[PDB]
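Structure data (mmCIF, C-alpha atoms) from protein.cif:
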```
data_structure
#
loop_
_atom_site.label_atom_id
_atom_site.label_comp_id
_atom_site.auth_asym_id
_atom_site.auth_seq_id
_atom_site.Cartn_x
_atom_site.Cartn_y
_atom_site.Cartn_z
CA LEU A 1 -5.93 -3.98 -18.51
CA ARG A 2 -5.78 -4.21 -14.70
CA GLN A 3 -4.01 -7.58 -15.05
CA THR A 4 -0.79 -6.03 -16.36
CA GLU A 5 -0.90 -3.57 -13.46
CA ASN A 6 -1.33 -6.51 -11.09
CA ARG A 7 1.68 -8.23 -12.67
CA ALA A 8 3.82 -5.13 -12.18
CA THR A 9 2.71 -4.93 -8.55
CA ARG A 10 3.60 -8.62 -8.14
CA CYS A 11 7.10 -7.91 -9.43
CA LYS A 12 7.49 -4.90 -7.13
CA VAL A 13 6.33 -7.00 -4.17
CA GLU A 14 8.83 -9.75 -4.94
CA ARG A 15 11.74 -7.35 -5.43
CA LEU A 16 10.98 -5.52 -2.19
CA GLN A 17 10.59 -8.83 -0.37
CA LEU A 18 14.06 -9.98 -1.42
CA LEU A 19 15.49 -6.55 -0.59
CA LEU A 20 14.04 -6.61 2.93
CA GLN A 21 15.20 -10.20 3.39
CA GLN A 22 18.80 -9.28 2.59
CA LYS A 23 18.47 -6.08 4.65
CA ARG A 24 17.49 -8.08 7.72
CA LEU A 25 20.02 -10.82 6.99
CA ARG A 26 22.93 -8.39 6.98
CA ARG A 27 21.46 -6.59 10.00
CA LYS A 28 21.52 -9.92 11.86
CA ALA A 29 25.02 -10.61 10.55
CA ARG A 30 26.32 -8.01 13.04
CA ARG A 31 23.87 -8.78 15.84
CA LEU B 1 -8.77 -11.09 9.55
CA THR B 2 -5.51 -12.82 10.41
CA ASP B 3 -6.29 -16.57 10.47
CA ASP B 4 -9.67 -17.21 8.79
CA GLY B 5 -9.25 -14.12 6.63
CA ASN B 6 -11.39 -12.96 3.70
CA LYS B 7 -14.45 -12.84 5.99
CA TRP B 8 -14.37 -9.47 7.76
CA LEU B 9 -12.90 -7.93 4.61
CA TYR B 10 -16.04 -9.21 2.78
CA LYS B 11 -19.70 -8.75 3.83
CA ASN B 12 -18.68 -5.20 4.76
CA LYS B 13 -21.09 -3.99 2.09
CA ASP B 14 -19.06 -2.10 -0.52
CA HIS B 15 -17.53 1.13 0.71
CA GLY B 16 -16.72 0.09 4.29
CA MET B 17 -14.48 -2.56 2.74
CA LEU B 18 -11.98 0.17 1.90
CA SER B 19 -11.38 0.68 5.63
CA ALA B 20 -11.66 -2.96 6.67
CA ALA B 21 -8.64 -3.84 4.56
CA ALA B 22 -6.84 -0.86 6.08
CA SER B 23 -7.48 -2.51 9.44
CA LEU B 24 -4.97 -5.15 8.40
CA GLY B 25 -2.35 -2.44 8.02
CA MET B 26 -2.99 -1.20 11.54
CA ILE B 27 -2.60 -4.73 12.91
CA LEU B 28 0.73 -5.08 11.08
CA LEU B 29 1.89 -1.65 12.22
CA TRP B 30 5.65 -1.01 12.13
CA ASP B 31 6.01 -4.52 10.62
CA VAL B 32 7.00 -3.91 7.01
CA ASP B 33 7.70 -7.49 5.91
CA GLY B 34 4.70 -9.10 7.60
CA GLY B 35 2.65 -6.22 6.31
CA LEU B 36 3.89 -6.98 2.80
CA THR B 37 2.97 -10.66 3.11
CA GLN B 38 -0.55 -10.44 4.54
CA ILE B 39 -1.45 -7.27 2.62
CA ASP B 40 -0.20 -8.69 -0.68
CA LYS B 41 -2.48 -11.65 -0.12
CA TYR B 42 -5.29 -9.07 -0.25
CA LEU B 43 -3.62 -6.55 -2.58
CA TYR B 44 -4.97 -8.32 -5.69
CA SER B 45 -8.77 -8.19 -5.60
CA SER B 46 -11.46 -8.15 -8.27
CA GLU B 47 -13.15 -5.18 -6.57
CA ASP B 48 -11.48 -1.80 -6.26
CA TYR B 49 -12.22 -1.16 -2.59
CA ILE B 50 -10.07 -4.08 -1.41
CA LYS B 51 -7.06 -2.89 -3.41
CA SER B 52 -7.50 0.66 -2.13
CA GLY B 53 -7.70 -0.63 1.44
CA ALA B 54 -4.62 -2.79 0.91
CA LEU B 55 -2.65 0.18 -0.40
CA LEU B 56 -3.75 2.21 2.61
CA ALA B 57 -2.70 -0.75 4.75
CA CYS B 58 0.79 -0.67 3.25
CA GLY B 59 0.93 3.03 4.07
CA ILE B 60 -0.12 2.37 7.67
CA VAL B 61 2.39 -0.46 8.03
CA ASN B 62 5.20 1.81 6.89
CA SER B 63 3.95 4.68 9.07
CA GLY B 64 6.46 5.66 11.74
CA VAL B 65 9.19 3.39 10.31
CA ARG B 66 11.77 4.80 7.89
CA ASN B 67 12.74 1.75 5.85
CA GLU B 68 15.80 2.21 3.66
CA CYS B 69 13.83 0.69 0.82
CA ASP B 70 10.55 2.43 -0.05
CA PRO B 71 7.82 -0.22 -0.26
CA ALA B 72 5.10 2.35 0.31
CA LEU B 73 6.58 4.63 -2.35
CA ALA B 74 6.66 1.95 -5.04
CA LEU B 75 3.35 0.23 -4.37
CA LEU B 76 1.36 3.41 -3.74
CA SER B 77 2.97 5.37 -6.60
CA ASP B 78 1.93 2.73 -9.11
CA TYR B 79 -1.64 3.59 -8.08
CA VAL B 80 -1.44 7.39 -7.71
CA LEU B 81 -3.05 9.03 -10.75
CA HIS B 82 -4.93 5.77 -11.35
CA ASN B 83 -8.07 5.91 -13.47
CA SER B 84 -10.32 5.57 -10.43
CA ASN B 85 -10.87 7.92 -7.50
CA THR B 86 -10.82 4.94 -5.09
CA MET B 87 -7.35 3.49 -5.68
CA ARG B 88 -6.14 7.09 -5.81
CA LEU B 89 -8.00 7.80 -2.59
CA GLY B 90 -6.20 5.05 -0.68
CA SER B 91 -2.75 5.28 -2.25
CA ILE B 92 -2.52 9.04 -1.73
CA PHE B 93 -3.49 8.72 1.93
CA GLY B 94 -1.15 5.77 2.39
CA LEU B 95 1.75 7.82 1.07
CA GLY B 96 0.67 10.75 3.23
CA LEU B 97 0.69 8.76 6.46
CA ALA B 98 3.69 6.62 5.46
CA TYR B 99 6.14 9.48 4.82
CA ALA B 100 4.62 12.05 7.18
CA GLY B 101 7.63 13.50 8.96
CA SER B 102 9.82 12.72 5.96
CA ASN B 103 9.55 16.01 4.03
CA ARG B 104 10.91 14.16 0.98
CA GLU B 105 10.83 16.02 -2.32
CA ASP B 106 10.49 12.82 -4.38
CA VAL B 107 7.11 11.93 -2.86
CA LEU B 108 5.72 15.46 -3.07
CA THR B 109 6.89 15.61 -6.70
CA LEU B 110 4.51 12.68 -7.24
CA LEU B 111 1.63 13.88 -5.05
CA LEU B 112 1.28 17.59 -5.85
CA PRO B 113 0.60 16.93 -9.59
CA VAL B 114 -2.63 15.03 -8.76
CA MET B 115 -4.61 17.81 -7.09
CA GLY B 116 -5.10 19.32 -10.54
CA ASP B 117 -6.60 17.24 -13.34
CA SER B 118 -10.04 16.70 -14.80
CA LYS B 119 -10.03 13.18 -13.35
CA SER B 120 -10.12 14.03 -9.65
CA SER B 121 -13.04 14.69 -7.32
CA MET B 122 -12.94 16.98 -4.31
CA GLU B 123 -12.24 13.81 -2.33
CA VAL B 124 -9.02 13.07 -4.22
CA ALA B 125 -7.91 16.71 -4.14
CA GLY B 126 -8.57 17.00 -0.42
CA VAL B 127 -6.78 13.76 0.38
CA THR B 128 -3.81 14.92 -1.70
CA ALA B 129 -3.85 18.13 0.33
#
```
Transcribe the structure of this file into structure tokens.
Amino acid sequence: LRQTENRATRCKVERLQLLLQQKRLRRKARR
Amino acid sequence: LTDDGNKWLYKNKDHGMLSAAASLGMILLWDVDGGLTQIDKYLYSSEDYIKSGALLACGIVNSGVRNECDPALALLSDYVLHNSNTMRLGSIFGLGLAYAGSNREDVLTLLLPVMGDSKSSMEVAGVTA
């Protein structure tokens, strides 16, 4: 039920968090 | 909300909650990562209105900022066509105000299909419009 949907949203949140972290890291790497 | 938290997003008496959570998004406006953090704290709630407001908050946070990744797209697409006209009614609007000037075909390809289905009120259809 809603718990599996919550788990999937958790995974999406974590993936996007790492992606933004590396995005900003490489943005800083030039600036 | 920021700081104490969980206090002006509760005692808002049911339906108003859906907007109170969205307030968070407007405080973390143009701030995608901080949005993500604070909103995700509130994105997992026992009651539907909080989750709808959190999805709308993600949409607001991503409004005006064209992130190369698509946090709004992912989070709010999981909840478009959901089996409740309240998570639909926040996710659709979040996508609408997150990708406004975008004109992307991949978000319309997900939104247009939801105006027509037995499981949609005039509210959901109008917000999809």
Report task. For region 35-48 of chain B, list every protein, DNA or RNA residue within 8 Å, evaluated using all atoms listed in the file, and leave out those in the same chain fewer than 3 positions away; present the list as a list in words. Result ->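 Once the nearby chain positions are removed, what remains is residues 6, 13 and 17 of chain A; 21, 24, 25, 28, 29, 31, 32, 51, 52, 54, 55, 57, 58, 61, 86 and 87 of chain B.
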Query raised in the report: Which of these, B:120, B:59, B:81, B:64, has the shortest distance to residue 94 (chain B) once you count only C-alpha atoms?
Result: B:59
**Report entry** Sel. within 12 Å of pt (-5.2, 18.1, -1.4), counting all atoms listed in the file, output as a ChimeraX atom specification
**Finding:** /B:88-89,92-93,96,108,111-116,120-129
**Report entry** CA of residue 27 (chain A) to CA of residue 56 (chain B), straight-line distance in Å
**Finding:**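 Between CA of residue 56 (chain B) and CA of residue 27 (chain A) the gap is 27.7 Å.
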Report task. Rank B:63, B:77, B:12, B:2 by their smallest atom-to-atom distance to chain A, using only C-alpha atoms, and report the top residue only. Result ->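 Checking each candidate against chain A, we get B:77 as the closest.
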Would you mind listing, for every residue of chain A within 9 Å of chain B, the two atoms forming the shortest contact and the distance between them in Å to one decimal, using all atoms listed in the file, sorted by chain and ascending residue number, as JSON lines?
```
{"residue": "A:5", "atom": "CA", "partner": "B:78", "partner_atom": "CA", "distance": 8.2}
{"residue": "A:6", "atom": "CA", "partner": "B:44", "partner_atom": "CA", "distance": 6.8}
{"residue": "A:8", "atom": "CA", "partner": "B:78", "partner_atom": "CA", "distance": 8.6}
{"residue": "A:9", "atom": "CA", "partner": "B:75", "partner_atom": "CA", "distance": 6.7}
{"residue": "A:10", "atom": "CA", "partner": "B:40", "partner_atom": "CA", "distance": 8.4}
{"residue": "A:12", "atom": "CA", "partner": "B:75", "partner_atom": "CA", "distance": 7.1}
{"residue": "A:13", "atom": "CA", "partner": "B:36", "partner_atom": "CA", "distance": 7.4}
{"residue": "A:16", "atom": "CA", "partner": "B:71", "partner_atom": "CA", "distance": 6.5}
{"residue": "A:17", "atom": "CA", "partner": "B:33", "partner_atom": "CA", "distance": 7.0}
{"residue": "A:19", "atom": "CA", "partner": "B:69", "partner_atom": "CA", "distance": 7.6}
{"residue": "A:20", "atom": "CA", "partner": "B:33", "partner_atom": "CA", "distance": 7.1}
{"residue": "A:21", "atom": "CA", "partner": "B:33", "partner_atom": "CA", "distance": 8.4}
{"residue": "A:23", "atom": "CA", "partner": "B:68", "partner_atom": "CA", "distance": 8.8}
```
Save out the residues we just selected, C-alpha atoms, as a PDB file, keeping the file's coordinate frame.
```
ATOM      1  CA  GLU A   5      -0.900  -3.570 -13.460  1.00  0.00           C
ATOM      2  CA  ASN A   6      -1.330  -6.510 -11.090  1.00  0.00           C
ATOM      3  CA  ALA A   8       3.820  -5.130 -12.180  1.00  0.00           C
ATOM      4  CA  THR A   9       2.710  -4.930  -8.550  1.00  0.00           C
ATOM      5  CA  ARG A  10       3.600  -8.620  -8.140  1.00  0.00           C
ATOM      6  CA  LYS A  12       7.490  -4.900  -7.130  1.00  0.00           C
ATOM      7  CA  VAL A  13       6.330  -7.000  -4.170  1.00  0.00           C
ATOM      8  CA  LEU A  16      10.980  -5.520  -2.190  1.00  0.00           C
ATOM      9  CA  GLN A  17      10.590  -8.830  -0.370  1.00  0.00           C
ATOM     10  CA  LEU A  19      15.490  -6.550  -0.590  1.00  0.00           C
ATOM     11  CA  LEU A  20      14.040  -6.610   2.930  1.00  0.00           C
ATOM     12  CA  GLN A  21      15.200 -10.200   3.390  1.00  0.00           C
ATOM     13  CA  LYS A  23      18.470  -6.080   4.650  1.00  0.00           C
TER      14      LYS A  23
END
```
**Report entry** Sphere at (6.4, 11.8, -1.2), radius 10 Å, counting all atoms listed in the file: residues as a list in words
**Finding:** residues 72, 73, 77, 92, 95, 96, 98, 99, 100, 102, 103, 104, 105, 106, 107, 108, 109, 110, 111 and 112 of chain B
Query raised in the report: What does the distance between CA of residue 90 (chain B) and CA of residue 6 (chain B) come to in Å, to one decimal place?
Result: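 It comes out at 19.2 Å.
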Query - Nearest candidate to residue 53 (chain B) (options B:3, B:91, B:13, B:18; using all atoms listed in the file) - result: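 Among the listed residues, B:18 lies closest to residue 53 (chain B).
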Quick one: what's the axis-aligned box for region 23-31 of chain B, all listed atoms, 5 Å on every side, centre and edges in Å to one decimal, as AutoDock Vina command-line options?
```
--center_x -0.7 --center_y -3.1 --center_z 10.5 --size_x 23.5 --size_y 14.1 --size_z 14.9
```
Query raised in the report: What does the distance from CA of residue 14 (chain A) to CA of residue 22 (chain B) come to in Å, to one decimal?
Result: 21.1 Å
Select region 102-119 of chain B in the preceding structure and write N, CA, C and O atoms to a file as a PDB file, in the first residue's frame.
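Result went into selection-v8.pdb, see below:
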```
ATOM      1  N   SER B 102       8.351  26.212 -19.599  1.00  0.00           N
ATOM      2  CA  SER B 102       9.183  25.173 -20.189  1.00  0.00           C
ATOM      3  C   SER B 102       8.676  24.763 -21.566  1.00  0.00           C
ATOM      4  O   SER B 102       9.448  24.706 -22.530  1.00  0.00           O
ATOM      5  N   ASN B 103       7.382  24.471 -21.676  1.00  0.00           N
ATOM      6  CA  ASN B 103       6.786  23.989 -22.919  1.00  0.00           C
ATOM      7  C   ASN B 103       7.293  22.589 -23.268  1.00  0.00           C
ATOM      8  O   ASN B 103       7.297  22.189 -24.432  1.00  0.00           O
ATOM      9  N   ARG B 104       7.715  21.838 -22.255  1.00  0.00           N
ATOM     10  CA  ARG B 104       8.229  20.492 -22.472  1.00  0.00           C
ATOM     11  C   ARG B 104       7.118  19.526 -22.849  1.00  0.00           C
ATOM     12  O   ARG B 104       6.036  19.532 -22.255  1.00  0.00           O
ATOM     13  N   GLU B 105       7.402  18.687 -23.843  1.00  0.00           N
ATOM     14  CA  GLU B 105       6.459  17.667 -24.270  1.00  0.00           C
ATOM     15  C   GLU B 105       6.368  16.506 -23.290  1.00  0.00           C
ATOM     16  O   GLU B 105       5.316  15.866 -23.210  1.00  0.00           O
ATOM     17  N   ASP B 106       7.432  16.222 -22.543  1.00  0.00           N
ATOM     18  CA  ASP B 106       7.443  15.065 -21.655  1.00  0.00           C
ATOM     19  C   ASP B 106       6.619  15.271 -20.394  1.00  0.00           C
ATOM     20  O   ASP B 106       6.219  14.285 -19.766  1.00  0.00           O
ATOM     21  N   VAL B 107       6.359  16.516 -20.007  1.00  0.00           N
ATOM     22  CA  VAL B 107       5.491  16.780 -18.867  1.00  0.00           C
ATOM     23  C   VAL B 107       4.032  16.875 -19.302  1.00  0.00           C
ATOM     24  O   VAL B 107       3.136  16.425 -18.581  1.00  0.00           O
ATOM     25  N   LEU B 108       3.775  17.447 -20.476  1.00  0.00           N
ATOM     26  CA  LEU B 108       2.419  17.458 -21.006  1.00  0.00           C
ATOM     27  C   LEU B 108       1.956  16.051 -21.354  1.00  0.00           C
ATOM     28  O   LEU B 108       0.784  15.712 -21.160  1.00  0.00           O
ATOM     29  N   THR B 109       2.864  15.209 -21.855  1.00  0.00           N
ATOM     30  CA  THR B 109       2.515  13.823 -22.138  1.00  0.00           C
ATOM     31  C   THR B 109       2.087  13.081 -20.882  1.00  0.00           C
ATOM     32  O   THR B 109       1.410  12.052 -20.982  1.00  0.00           O
ATOM     33  N   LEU B 110       2.460  13.579 -19.705  1.00  0.00           N
ATOM     34  CA  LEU B 110       2.025  12.997 -18.447  1.00  0.00           C
ATOM     35  C   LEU B 110       0.808  13.698 -17.862  1.00  0.00           C
ATOM     36  O   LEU B 110       0.033  13.061 -17.142  1.00  0.00           O
ATOM     37  N   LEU B 111       0.621  14.983 -18.158  1.00  0.00           N
ATOM     38  CA  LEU B 111      -0.496  15.730 -17.591  1.00  0.00           C
ATOM     39  C   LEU B 111      -1.781  15.583 -18.402  1.00  0.00           C
ATOM     40  O   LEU B 111      -2.834  15.281 -17.839  1.00  0.00           O
ATOM     41  N   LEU B 112      -1.724  15.794 -19.714  1.00  0.00           N
ATOM     42  CA  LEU B 112      -2.942  15.739 -20.519  1.00  0.00           C
ATOM     43  C   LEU B 112      -3.751  14.468 -20.287  1.00  0.00           C
ATOM     44  O   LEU B 112      -4.987  14.563 -20.224  1.00  0.00           O
ATOM     45  N   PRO B 113      -3.151  13.283 -20.152  1.00  0.00           N
ATOM     46  CA  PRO B 113      -3.948  12.063 -19.957  1.00  0.00           C
ATOM     47  C   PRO B 113      -4.834  12.055 -18.720  1.00  0.00           C
ATOM     48  O   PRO B 113      -5.689  11.168 -18.617  1.00  0.00           O
ATOM     49  N   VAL B 114      -4.685  12.983 -17.775  1.00  0.00           N
ATOM     50  CA  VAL B 114      -5.393  12.887 -16.501  1.00  0.00           C
ATOM     51  C   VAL B 114      -6.649  13.738 -16.462  1.00  0.00           C
ATOM     52  O   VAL B 114      -7.458  13.578 -15.536  1.00  0.00           O
ATOM     53  N   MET B 115      -6.858  14.624 -17.434  1.00  0.00           N
ATOM     54  CA  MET B 115      -8.140  15.314 -17.496  1.00  0.00           C
ATOM     55  C   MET B 115      -9.290  14.368 -17.791  1.00  0.00           C
ATOM     56  O   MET B 115     -10.427  14.660 -17.406  1.00  0.00           O
ATOM     57  N   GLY B 116      -9.026  13.248 -18.457  1.00  0.00           N
ATOM     58  CA  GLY B 116     -10.088  12.326 -18.793  1.00  0.00           C
ATOM     59  C   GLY B 116      -9.897  10.971 -18.155  1.00  0.00           C
ATOM     60  O   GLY B 116      -9.005  10.206 -18.531  1.00  0.00           O
ATOM     61  N   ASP B 117     -10.749  10.672 -17.182  1.00  0.00           N
ATOM     62  CA  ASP B 117     -10.803   9.381 -16.515  1.00  0.00           C
ATOM     63  C   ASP B 117     -11.910   9.446 -15.480  1.00  0.00           C
ATOM     64  O   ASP B 117     -12.195  10.514 -14.931  1.00  0.00           O
ATOM     65  N   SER B 118     -12.540   8.299 -15.228  1.00  0.00           N
ATOM     66  CA  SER B 118     -13.646   8.278 -14.279  1.00  0.00           C
ATOM     67  C   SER B 118     -13.212   8.783 -12.912  1.00  0.00           C
ATOM     68  O   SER B 118     -14.035   9.312 -12.155  1.00  0.00           O
ATOM     69  N   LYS B 119     -11.933   8.632 -12.577  1.00  0.00           N
ATOM     70  CA  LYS B 119     -11.430   8.982 -11.252  1.00  0.00           C
ATOM     71  C   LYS B 119     -10.777  10.363 -11.292  1.00  0.00           C
ATOM     72  O   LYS B 119      -9.571  10.530 -11.108  1.00  0.00           O
TER      73      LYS B 119
END
```
